[PDB]
Each structure stands twice: as structure tokens, then as C-alpha cells.
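Below you'll find the structure, written out as C-alpha cells, and then a few comments.
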Amino acid sequence: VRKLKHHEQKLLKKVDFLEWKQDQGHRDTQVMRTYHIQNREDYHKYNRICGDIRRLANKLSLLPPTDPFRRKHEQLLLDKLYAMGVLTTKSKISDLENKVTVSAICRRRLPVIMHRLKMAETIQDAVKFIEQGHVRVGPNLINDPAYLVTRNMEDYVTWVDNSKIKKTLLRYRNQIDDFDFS
Amino acid sequence: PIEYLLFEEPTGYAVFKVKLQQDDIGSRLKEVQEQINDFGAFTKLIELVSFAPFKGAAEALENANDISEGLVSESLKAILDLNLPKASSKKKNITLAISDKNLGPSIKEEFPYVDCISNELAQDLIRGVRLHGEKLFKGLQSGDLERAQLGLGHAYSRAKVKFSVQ
Amino acid sequence: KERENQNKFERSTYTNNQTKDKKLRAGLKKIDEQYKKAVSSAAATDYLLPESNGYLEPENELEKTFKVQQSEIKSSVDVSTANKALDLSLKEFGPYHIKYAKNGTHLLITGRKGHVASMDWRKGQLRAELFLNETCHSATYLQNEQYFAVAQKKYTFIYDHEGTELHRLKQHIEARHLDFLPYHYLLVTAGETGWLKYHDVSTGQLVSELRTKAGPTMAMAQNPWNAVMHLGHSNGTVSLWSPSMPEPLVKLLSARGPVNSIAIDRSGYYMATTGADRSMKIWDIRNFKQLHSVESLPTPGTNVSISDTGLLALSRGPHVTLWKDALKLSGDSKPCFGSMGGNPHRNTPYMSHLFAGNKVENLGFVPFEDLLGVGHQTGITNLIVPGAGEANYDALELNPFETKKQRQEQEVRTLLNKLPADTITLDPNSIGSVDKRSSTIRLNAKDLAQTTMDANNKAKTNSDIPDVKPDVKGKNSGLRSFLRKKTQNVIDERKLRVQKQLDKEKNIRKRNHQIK
Amino acid sequence: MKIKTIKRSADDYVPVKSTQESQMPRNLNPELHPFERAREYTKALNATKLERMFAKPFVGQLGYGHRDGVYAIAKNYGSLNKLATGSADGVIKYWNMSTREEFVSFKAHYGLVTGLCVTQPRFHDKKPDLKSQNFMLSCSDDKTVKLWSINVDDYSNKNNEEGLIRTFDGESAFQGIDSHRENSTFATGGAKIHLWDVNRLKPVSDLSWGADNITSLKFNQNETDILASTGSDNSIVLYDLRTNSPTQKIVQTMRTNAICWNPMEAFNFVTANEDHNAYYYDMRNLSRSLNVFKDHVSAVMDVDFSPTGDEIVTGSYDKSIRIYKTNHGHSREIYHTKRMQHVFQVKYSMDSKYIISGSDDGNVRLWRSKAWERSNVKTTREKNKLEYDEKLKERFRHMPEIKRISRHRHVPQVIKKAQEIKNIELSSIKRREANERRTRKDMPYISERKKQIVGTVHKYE
Amino acid sequence: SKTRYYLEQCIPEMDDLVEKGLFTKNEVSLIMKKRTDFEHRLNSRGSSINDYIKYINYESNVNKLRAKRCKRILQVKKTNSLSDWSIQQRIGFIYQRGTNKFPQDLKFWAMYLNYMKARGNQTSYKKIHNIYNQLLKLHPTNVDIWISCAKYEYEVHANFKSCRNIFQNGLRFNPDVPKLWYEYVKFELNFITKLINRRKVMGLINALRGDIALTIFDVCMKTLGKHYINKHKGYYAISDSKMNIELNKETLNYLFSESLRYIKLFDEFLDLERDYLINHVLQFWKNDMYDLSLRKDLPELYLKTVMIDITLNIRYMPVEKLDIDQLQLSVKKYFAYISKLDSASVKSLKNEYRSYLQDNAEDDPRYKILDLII
RNA sequence: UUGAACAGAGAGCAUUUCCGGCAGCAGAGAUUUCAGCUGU
């Protein structure tokens, strides 16, 4: 912590007060900084599900390469994860080990969907807006940031009517019709 | 054995007593060469026992010319006769470290019991006390040593060139 | 040379249950002279000790000491100590587990709800106030105020000086008790799982996982002398553990029911355990005798603590009660609650206090000051306990006035001389010695030749066989115990000559019986 | 009720003026300082590891070496940094070891200069000027002993006819030379050992036991009138110069390459011989060595004592040198280099801190006697730390974990393989002598310290 | 740390001082915490000679309290154990440490010398010699140390040989201040006066002259003149002959004013041949000084020396028998001066008349003197 | 290599030669300390 001299750094090399090997390079912290994750245990709650997908993918690739059970369940899991939005392509089954990843499950969260739909300028702005209760999917208002938005369910991410944000974008283009409140 | 050290300087003469010898065989090594830069270890080698200051710039210029042309002046005779012990002239002379190999013969002409050393060990002891200067002297001189150096350099140069103000 | 206080500075040694070498004789004589000179000169330092310990003394027979009030102490003592006697009223989060740094400079409080605050309690400087909204249980500093470990809902987390999270430990699954071993740099962890985990803070490496095998860990304390961990279980059993042996070093039967709290003296000699059977028990640690058994407390003692000057602070809910000189051998030092008719041979409480609103969560003495910090349901309260702190610290072990540069260099130096976790034994002086195998006389190779000689001639002298002796009640004759302890189906030459010498013994016993 | 608490007062613990250091109160209670065995065990382990990383013993080679391998070296026993070396091609050189550069070189002879030493030549007509001239004399196989003077810049008292002030002459070759430490005398071994003085041009006395030649020579350093010599009939002969005669000889198994006398004990000497070990002998009883220094793997070429008399240095024909504590009998340290071949001469400088080795590729190299020890002057904090660490390594010396670290060196491949086959050979002969002793009746237990003397004139009672 | 070493060097004397039942443990802990304060201030950074001085004053105060408590408790005046010299030895070592650290304040050096001298029989005069030797080595130019060294070794020990050696070595070092010259002629006159008084005393119970003082007087004039002509006109001799003669005149004025002070404090040594010892300085001043003190300027100084040579027998009391013997000498002096001088004639006449009138029934013989010097 | 007288150093080593006991008395410096004679 004091920038050890040469004899000290030679004499105690494995000493590190910040980065440990159980930390795994602080990647929970790293991807929760990237996608602005509030609570500490969401990374590991997603890591359990990525481990489920990859455990099944291992145990399913250990079946013989031609039997219809392996082919049906590999294709069925691939279709389910593409439809949910974690996987970005349902083509190859090496996605079920390589491209299945806590960052993919985190890119499917509601503020990241928002920021990619240009509905907020950054992920922290999207977090603030859906905490303030501006965003509804479908009819019903969504209030928490961790909400996972599937591919067919991202067509209905809008703002609530009577939103001040909806009002100011309509009045920026002065398409505001005050009959329907905005 | 390098027992005493004579440092001449514009404010006067200094006799130092060598406490610890530096290494002779390892004298070119890195730690021995930079212990004379570190002051905390140079004070383990050198201790000041005497400093006779000059009577003014006139005696300063006289002793600067005598030190320049390699002669023992009367103030040198006084301070060396005060400080150096009456050793033998035939067996184990007292060893004085100077920086001037042609001032040495003038010192043995006056004190035959003194052998004088100016080789690389005495040279880097001398440049250690030159490098530290005012810190070794413990506060006992009047006059800043660089101000006396400016005065003595200008006086020496005008004397050597015979600068007339007429 | 005499030194009336030498036996504090003396040092025990090995004994057998003189020499002809001249050089070794004079070497041992010089060693004994040096040991005597060193003990004497080390014990003459008690002149140089700057301060004096505190006290309070009754000066009357009507003036009992347990009925002296904290406001009366705060009036009677100086303004600096009266300002050290702090009180934080933190009502909304839960009961506050208290913890002090090993020099008394920093305080670390944890609410049960989420509120963890590390602070300089004696200035007004807090340096971490973090609200971790899951139920925290305990915390401790590591080697400094610069890092602290908190035991949260499940995982133990490690935070830096200003409160940023450094580590989430994926092991240490449900901690309830954390304690740091400062000379070994080990964070020790126990809780609702029946597991005890030693984690090296410097390298980052989980040193040991040990099955307690006795359910959740009800109490936990560290011997400051030899760094073994005393855990108290729901059996009424304390067990002393080291990170080398996967079994407990010792298991003591302290109480009935569970063990609510354990405290150890800093000399490593006495241990006070409170059980849930309303029983405080003072234990000798070194010889494992039970010194005192104060049974039938009015309500179960939820905490015990032992100061640096040997006070005993027991806490039974609202009440805190301190006894002086209770950790001694004699039966006149058994801690009582009243003196029946004024008996001087009854250890009445040294002082008591009642936290009338609440139930105290934990106790901890402030290290080098005369205070007892008790954390309770509505925050923190320091109590001015005058006999309760080492007045003369050593400033190069741990310094209450230490600066930032001194903290930096002391951190690097103690990190450099970190003791390995394998050196933790029940006694600390057992890592210079020789094995308790490997014969106590050193061998001079003449006797090695002699040993190999009788190993060659174990046959036909039967030196590895029990000797024939007829009069030894031949149902327990040694040779038949050899024959029965051996497996009864294999036949080797050793057991053949035991059978031969057994028949010889039976025939000699037969003829001795016949002539008798 | 009287009452008193801890009044810390902050004037005694944090100083008033900012320029001065903080008070460090101490309290020597073992309660305050708990882990007293483990803490200094780890300090002794960190001291052994720090020594094994600070071991940088090679100071430097001096000059450019010689052309044909250094076979003779002599320090002068009165000046710290002066060293004379001679090679196989007859060139001798005088060295300032401070600047690592030769004062002078000399094409001294035509053959090998087989010996050289240094003198303060007591002429009784001239007066020796030892403050500006140094004197080295040197014998070779071209039947000459030559005495040279060197211009030396060590005092600046004066201001000159340097080389070859005289030329002693023998009829047969010479093989060794050593100068008496007084009274103008030296001795040369060769076909026969002669005594000389620097005035007369002929030997004063021939002091030879028999008609068997002499390979080496050393004068004693105190009791200066006792000579010792090694003859090629595996013989070690002592001479006395009061009686002007030999004194006693012993015959060993193999040939003694060198002797050096103990400068602090005046009757002990160490021989360095061709079975690969050194023998520490008492002059008053040559029937047993009082040590054997065993760790070399080829023939030991040269030995020398520390001027403190406490350790010896020992260079051998396996291209490595070894330093031995005098009371142990195994090597404290081994120095090797891929560039160093066949170290034929080793001296121990009068500082007792550096070790001069002359190899046979040509080079003369300086080493530190203590590898981890630096030569700066030390403040009292670092001096106290260093001697605390020395005492701590001393009292934990035999713990297995620090013994395996302090015992460790990198030895070359050839010396390591010779070492392990030497181990399995010695273990085999111990197995076979144990069997033979189990059977046979009267097998005497001969000591290791007596196992190398085949005989001794003037038997001991 | 070294404060720890010094503090635990202080413990055997208080072992002994608790065993001898005068101090108690609770008060000796108080003197140890005060001494801890002082030792830490001594050997930490930013140290001061006032820290040394206050430590010496504290140690002397606890020594005086220890003596008072010994006389009151044990009713002896020393316990002849460790605790009656250890504290004075401590004070001497604090002085030695302070003079090794700050060897520049002569106040502290002289406090060291005063305490070491006043320690009495218990100290050693070679221990005072050692600190005189190192102080004179460090300050060779400061002259009062030479005077104090020689004054201690003559006015206490009466060591004439060593005192002569001290004065000759000091005059070797700084032969420029006249104060050392005057104290050397003072010492030589005191030595010759003690010599002739011990001769007179051995006569009254039962060659070697002031020519030593005259020879050191002669070299005093020569070397003081040389050092003033070298001190002024400092760097070079770039000055024309007007400035050279102005300089040489001024050095004559300087040197002759010092010899005026020499005779003025020379007259009071009246136990030797004071007439001869003043007349030799008169004849040493009477000769030529290479720039015509008589035949040119410094004629006022020539008149001053003529007045001195006139009154050199008339240095007498109002009992003027010497005046009635040799006032004709003063009349011939005034006649020989007024035979040449012009205004110094009238000046010397009026001055000798005013001097004799000021210095000299009794008014009737004084009326004869007034008629003589009228 | 020894001897002699001389000049010294404070840098070593003994031992019972005296003192660090008491007064009487004069002396010394700034009311405390300092310096010698006649006996205990």
C-alpha cells in the first residue's frame, strides 16, 4: 500500500490488498458499472442462470452427435434464448457456451433497452426515468430497473401518457395535441 | 590509515579527524562512491577537530597564493603544529590527507613526522567535505563561504593579472 | 539485581522430567548469565513506565463501589475523559454491534438493519458511513482503520477506508462472528454454518475451512496470546481451534445449554464463558482447570469481556456488571453479587450500570483508555471504568497517536513479518524446540551402530519380543497379548518365535507351579 | 470515594514543536508482545532469504589479466590494496586493487614464473624507501631469482629506476619462494630448498631433508623463523631457522599443493592437497589433523587464511573456490563462474573482506568473502539491523526451513554430478565397511583426522 | 533509539537511591518522566542549547534536593554509594554532549569549564586540560580562551612552563590583537615579581630580569606594526606614495598609542626595578621609526615622550625630595626642548608647570617650588 | 641493540601512601561553596 521497495517487493510478491483471485478480476463490479446495476447480487443471480445454461449445454453436447434428443433440445434451448433476447443469433450451438453471458442477460434489462431505443441519452438517465415512473411496457407502468425485456415485448416500451417527457418531445416538434393530454 | 584531513577554504583552514576509514579495495563500488553523497553516512567518516579562520581578506589572499603555488604559510604551520600529534620521523609518521601532491613536500619540509597522502581515497574524502561544506563546520565560522569565495576569486584574479585601477 | 517484579518477565523452559564438555559448559554458563542479565534489565523498565493505572477506591465502609453512578464519575474525572465517554443515539437501525481498532483510535459500529459506520470516535471524524440495506451482523477492522470486514446477510464483504467495497467473499457463507488475527493477517469467520474459515487478508487466499461439526457457532473469541480460536457451540462446549489441525485442538465442556459468550485474557491465561443456563464460568486456559462457576445468574449473561488490566465485564440484558480481580485462583475471587453481612472474602461487583431502556448487543473495552464501549439497541455508550486499560502501551507494537507515515511504514513492516498460519499452536513457544519424538539425547553414531547391531540381532536374542517371565498371571502374559493383537491367520517368523517363547513360559510356569 | 483515570495529556506523546520526533514509549511486558518465538523465526527466515538475494559476491576482475594464466599471486602484508601476480609466460605485474589497474608490468623471466613474493629488503648499505618503492622478488624455472622495485603513488612526500635491482642465481630450477617477515631473508624451494638473504648473491644455507625436491614453501607469520614446505614425495617438512635445520616431516597419502599458516595462532597451519580436501594441522603434534575441510571435488590447488584467522579460502582444480569456517570442516560458501577455469592461486586480502583468485585463463578476480555484505559505511540503525539479523540467523541456523535456504547454492553441472557420484561412492564404501566390521574381529576405528597420514618422523609418545 | 539507552543508563543510581531510603518510587518516577522529556528533547531533531541548559539546571536541582533529603533522612552528608556522584557525572556528560553538538556558544563552553572547575577535588585537572585542548582547537582566534586557559594554569596551579607555552602558542595563532600581547607582558611581569619576592622572602627568613618583558615588548611592536600595515591597505598596494606615507604614519600612531597604554599600565608593577623597566621602553620608543616621528610629524608624540622622560624620575608623591634632588634635570629638559621647538616649547613649559603644580609650612616649601617653576 | 640525562603525553597497570571523618583557627570567591595547620 506504500509502494514497496525492491527487497520488499521481491520478498512479498503475492501481497495485494485490492485484487484477489476469488474476485475474478472484479467482473461483477465491471459489468454492473457498464450496465448500471443497483444491487450487488444481480450479477450472481444472473451468473447462476448462465451456469445453468452452460451446464446443460455441456451435458447436452456430451450426447452422441446424431441423436434427435440432443438435436431437439439444443435447437429448443437455442430458440428460447434467442426469443428471450440473451442470444443474438440462433445459428450455431457454440453460442450456448461462448455467447451466453451475464452481459447478454444485462443488455436485456429495461434501461439498456431504453438507451438502445434512444429513449434516454444514457443508461443512468434511463434508470432515473423508470425509477421516476415514466416508462410503461404495454399498458402497465414498470417501476424497477431490473425488468428483462424480451424481443416481442420490446415493441411496447413507451412512455406513460401524461408524461412530462412525452409532453416535451411532442412540444419540441410542436406536435402536441392537448386533447389527449399530451 | 588516513588519520587526519586538511581542508583549505577561503574562510580559513580546517583540520578534520578521520573516524572510520573508507574501503580501499572497494573504493570504486557503487555504495562506497555514493556514501560521500549521502550526508548521514559521511558524518560517520569525518569529524571536525579544528578550524582556524583568517584575519581578513589580506591574509586570505596571501594564503590563497601560498596554497596555489604549493607552500606552507604561517597560519598553516600554526594549525598543523596545534593539531597533529608529535609522531616519529622514522617509524609510523602521522598521516595527513591533503589534496595537493606538491603541497605535500612543503608539509614534510616543515614537519618531518607527517606523511601526506593525496591519492583517490584522500581525493574523495576531500570532495566529500567540499560537497557538504557548511554542514560539517557545526556553525563555527563568520561569513558565508560562498561570499568569501566570490571575494577571494576576484582578489586572486586581479592579483594574478595585475589589474590596475589607475 | 533482585527485582521484585521479575516473574512477569521470566521465561519458562524445558526440563528433563552437569556436563563434561569444557567448551559447552562455558557456553551454557554464558547463556544462563545472559538470561539472568536480560530478565533483570528488562524488569528494571518499570521505573521508566510513564503513567499509572486508574482505580476507584471506597475510602469508607458505607461507600460501596457498585453503586457509583456514571454521572458521578463524569463529574469526578477530567474533561478529556468526560468527552471520551461518548454516547451516540442512533435509533432507527437495529442494535449496534460495537468494535474498536486495536489501538483505540477508530470505532466501527454496525446496525442490525444496515448502518455501518467507521469513525474516529475521539475526534469528530467519520470516514465511512454506508447503509447496506440487508441485515448486517458484525464487523471488524483488519490491520488498520483503512480496511474493515462486515458480515452481511450472507456474504462477508471487505471495504476500504472511505467505504468503497473491495471484496465480496464467495466463501464465508453465513458469518455471524468475525475476528482479525493481526500478527498472522488472518480474518477468521464463523456463523450459522458449522464451519470455521481462516482467510489470509494479505495474499487473498482462503487458508482453512474447518468443520466444527456442532451446528451454528454461538460464540467466538480469540486468544491474544497464541491465536487459537475458542468457539462456543449449542452443546455447552467450547472448542479451541487452529488452522492446521482439521479437528479442534481441545474441546471443553463449559456450560449446559448453549454458550452465549466467550472472552479471553490478553495474557492467555483465563477465559470467561457465559452459557444460556445462567452460568458464568472462569476457566484456566493453560492447564484447563475450571477456576470459578458462578451459577444462577438472575438472567443469562449475553456478553463477557476482559480488559487489558483483567476486569471482567458481564452483561445480562439491561445490566452491565464489572468485577475486579475475578480472574484469580482463590475461592475468595469468585464474583458474587452481594456480600452477605459484609464479608471481605466475597468479590462483589466493582461497578455496575443499568441501560434501562434496552438490551445491550455487545461489549468491548476501549484498548488503552479507561472506558467500556457497550453497543445496544439505540446506539453506542462509553462507560468510564477507571481500572480498565493498559496505561502504559508500547508505542512500537501499536500506537494511539500514530501518524499517517507511521501507519504506512508499520503496515509494510508487519506485513513483512506476518507469521504463517501453521505456526499457530496451543503454546507459542513450541516452534524453536525439537520434536516430541526423536529422542531427547542427541546420538553420537556409536550408539547408531549399536542400534543397527541389535536390529540385526533382533532374531535369536528376541529383543523385539516380550521377555519370558512365568509369574505374571498368564492370562495377561504379554506374549499372548501379542498373539491376540496380531491377526490370527498370517504366520510370520516373529510370531512363530513368540509362540515358541510362550510355550517356554508356560512350561516354566508349569514346573514352578509343580514345585510350589 | 477517591477516583483516578488515565490522564494521557498529549504533551508527552505528540510533541509541541513540529521539528522534533514523536515519543516512543516502551513497555516490555510479554503480555504486550505475544509471539516472541514466531516473530523472530520469521525475522530469521527473512534474513536468510534477504541474504540469498543480496549474495552478489563478484566485485570485478582487475586489469585485463595476463596472457597465459595466473600461477603465482602475492599480497603484501603491510599495504591494503597492492597485489603482485605472475603468469606462465614469465610476465609479472603489480596491481593497485583500488583502481583495478597495474602499477607496472615486467617481462620477468622466460619460463614460468613459479613463485613470487614481496619484501622490505633490509640492505645494510642502502636504506629502503618503502613509502615510494615496493619490492617484489620472483623465482622461475630458468634458474633465477630476481628482485624488482616498483614506483608507488601512495604518499605524496617526495618530488626512479624501477626494475631489477639484483639477480640471484641458482644452478637448478626453483619452484617456490617465500620471504621472511624480517631480517632480509627469503627461501626458495626447487630441486632443493635454499635460504637466501638480499645482500649475498648465493644461498646462505641448504636446508634439505633428503634428495627429494620441494614443491612449495611458506614462512610463518608470527614465530617468523619457522618454515614449512611441500615435497613431491607427498611430504610436509617443517624447518626451524634458529637451529638452521629441518625439524620434522610427515608423509601423507597424496601431494600437498600448498600451505598457509594461521596468522592468529602461530603453530597451526592448513595444507591443501590432491585428495580433494584440506587439513588443519598443529605443529606440535602432526600425528593427527585437527580439521579436515572436505567439500571440494578435484585437487585443491591453493589455500589461504583470513587475517582474522577465523576462516580459510580454498581454490581447487574443479573450477571453483570455497570458503570454510575453521571450526566446521565443510564449505561455508562456493564461488564459481563459467569464465573461471582451474583456479590455481587464492589469497585472502588483508581487509579480511575480499578474496583474490587467479585462474588459468589469465584473469585475477576480486570476490567478497561475505557475499551479502556491502562495503559502505553504515548508520547505526542499519548496522544494528545487520548484526541483529546475523545473531538471529545464528540462533535459528538449524531449523529445517531456513537451513534448506541458507544451505542452497547453484553449483555447476560438472561439480554437481561429481558430488552426487561421490556421495553414492562414499555411501557404498560405508555399507561395505559396516558389513566387514560386522563379521571380522579386530577392525580398528581409525579417525577421519588420522585417515590421511601414512607416517611421521620423530614419533610421538 | 538512543534516548532509551540514556534513560536506562539512568536506572542504577535510582536503584541505589530507593535502596538508600531517601526517595520513594512514586517520586523517582516523576523525576524519570521529567528526565525522559529532557533526554528526548536532547537527542531528537530541532535541538537547542537551551534544552541542554535546562536539563543541566534540572539535574543540579535534583542533586541539591538529593543532598538536602540525605542530610534530613540519613543524617549523613554522603551515602558513599552510587547515588552521590552519578548525577554530577550525568551533568558533565550533558555538557560534553552539548559541546560536541553545538561547539559554537562560548557561554555554554564556559559554563562547562566553570562547573568542571567548581566540582572541586572530585574532578581531574587533566580532565579540564582535555576540554581546554579541544576548545582551543576549535576557537584558536578567540583570544579570551587563551587568557582563561593560562590564567587557570597560573593563578590556580602556578605552572610557569605550561603558562609560557600557552601564551606563546596563542601568540603564534593570532599575533594581531594587542590584548594577548598585554596579557603576556602582564604574566611575565607577574612571574618575575613573584621570583624576586620569593628571593626577598628567603633573604628575610634565612640576571633573570624584565628583559623578557622588553624582548616580548620589542616583538610586540614589530609584529603589531607588520599586521596593521598588512590589515589596512588590504588587497593590493595600489596606492601612490601619499597614501603609503599616510598609512605608515597611521601605523606609527596606532603602535605608539598602544605603547602609551603599555607604560600607563606598566607603572603599577612597582616591586621590581620599575625605573629600568620603564626607561627601556622609553629608549625603545626614542629611536627612529622610519618615517620621522621626531624630525617631522608626530611631534606631539615626541613632546609626549619628552615629558615622560622628564617626569620619569618625578613620578612621585607630594613629598618632593626627589624634586628637590633633580628638578634641575627637568629644567635642563625644558631648556633643551625650548632650544629647538617653536610652539612645543611653550606647550612643554606650560605643561610641565601645570603638571608639577597639580602633582605637588608645606605650602611654603611649595612656595619654593612655585618660585622654582614660575 | 643498549645506556644516559633531557623534554613530555594522558593513552595504559598496580596497592594500602594519603584524602573523600570531626572540630579550633585564619585565608578564598560570589549567606552558600572553596583552600591548610594541632589532635580524635
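Here Swiss-Prot sets the residue numbers for chain D, with the shown residues being 1-159, 168-469 in order.
Looks like electron microscopy, 3.7 Å, at least that's what the header says.
Placed from the backbone N, Cα and C atoms, the Cβ positions cover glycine too.
Quick look at what Swiss-Prot lists:
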- D:65-105: repeat 'WD 1' (REPEAT)
- D:113-158: repeat 'WD 2' (REPEAT)
- D:177-214: repeat 'WD 3' (REPEAT)
- D:217-257: repeat 'WD 4' (REPEAT)
- D:259-299: repeat 'WD 5' (REPEAT)
- D:303-342: repeat 'WD 6' (REPEAT)
- D:346-385: repeat 'WD 7' (REPEAT)
- D:440-459: compositional bias 'Basic and acidic residues' (COMPBIAS)
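DSSP states for the repeat 'WD 7' (D:346-385), grouped as helix (H, G, I), strand (E, B) and coil, give 0 helix, 14 strand, 26 coil. The stretch from D:65-105, D:113-158, D:177-214, D:217-257, D:259-299 that makes the most Cβ contacts under 8 Å with the repeat 'WD 7' (D:346-385) is D:65-105. Using DSSP to sort the residues of the repeat 'WD 2' (D:113-158) gives these counts of helix, strand and coil: 0 helix, 23 strand, 23 coil. Cβ atoms under 8 Å from those of the compositional bias 'Basic and acidic residues' (D:440-459) belong to residues 295-300 of the same chain, restricted to positions at least 6 beyond its ends. Beyond the ends of the repeat 'WD 1' (D:65-105), by six or more residues, the same chain brings 111-118, 120, 134, 136, 138, 140, 148, 150-152, 154, 170-171, 189, 229, 350, 352-355, 357-359, 362, 364, 366-372, 374 to within a C-beta distance below 8 angstroms of the stretch. Same-chain residues lying 6 or more positions outside the repeat 'WD 5' (D:259-299) and placing a CB less than 8 Å from one of its CB atoms are 223-231, 234, 236-238, 240-244, 246, 305-313, 315-318, 320, 322, 324, 332, 334-335, 337, 455, 457-458, 460-464, 468. Note on the repeat 'WD 3' (D:177-214): residues 77, 111, 114-119, 121-124, 137-145, 147, 221-227, 229, 232-233, 235, 237, 247, 249, 252 of its chain, located 6 or more positions outside it, place their CB under 8 angstroms from a CB of the stretch. Broken down by DSSP into helix, strand and coil, the repeat 'WD 6' (D:303-342) contains 0 helix, 22 strand, 18 coil.
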